[PDB]
């Protein structure tokens, strides 16, 4: 077991390391050419800079609002009516009790596909991810949504848990490695009601295991939160992008202890280093020192948070 404090900037070597997976930070926000994409807005006040909002909105195909998130979007775009009508979500799903009559009427009038789901056994997040998957991976569902003589009866979706029932039936045959990836960027899932923050984190683990085609990343006023796969992952980033938009970072074994076999490119690199929230052994306030990449090899998947300077982001997207 060891920990070393490195120089502020280095170029990591590749000798003696097995790079099993590679990922680019920018791609967490800017979806790949031909993979599906979705911007998910959860129920929490939006405060991301307007310019950045416009940018990520354009970079993503589908836009989904989680129940009360519709209120959030409506109030967020409160300085110009022409802009509010320019950014309409494709779907709004949830029990709909959180929606104000004013907001419901606005988006209904503007043809947004509103789906009601009463079940109290699934979070709005799950309702949203099930919907998003069906949208892209179920031809039958798409035909259901696009048909006339349906949108006056909840679009032909069972009121209680239809989205889950349809999702379950579909997923039974899907082979994740053969499903087109879905670049999912989520807003508002962190920093509010704490149990919701924890649930959002669980999504990073469950999706990776039960719906691997999803590539989820949370964007908050201060961080990018995503999952890193075990056994050797190389995090890549343009030097200028990193120096101008990135701050500190943290390796977070949330919900499960694990072992950090080896890291390369962090201000404080570790090897054969046990990590756990329970023991307090967690690399927090760390930071990238690798010029254009950092290597992290953990025994089990772990969560990584990368501090961002949102006001600088727009220039590199």
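Residue numbers count along the first chain shown, from 1.
- For the pair 274-282 and 43-51, the record assigns the higher mean C-alpha temperature factor to 43-51.
- The PDB entry records a higher mean C-alpha B factor for 101-109 than for its counterpart among 101-109 and 218-226.
- Per the PDB entry, 239 shows the highest C-alpha temperature factor of the residues 239, 188, 89, 139.
- Within the group 243, 180, 123, 202, the record's highest C-alpha temperature factor is found at 243.
- In the deposited entry, the Cα temperature factor of residue 265 sits in the middle third of values across the chain's modelled residues.
- Per-chain ranking of the deposited C-alpha B factor places residue 233 in the middle third.
- Among the modelled residues of the chain, residue 32 sits in the highest third by CA temperature factor in this PDB entry.
- Placement of the Cα temperature factor of residue 61 within the chain: lowest third of the modelled residues, per the deposited record.
- Residue 154: CA B factor lies in the highest third for its chain, per the PDB record.
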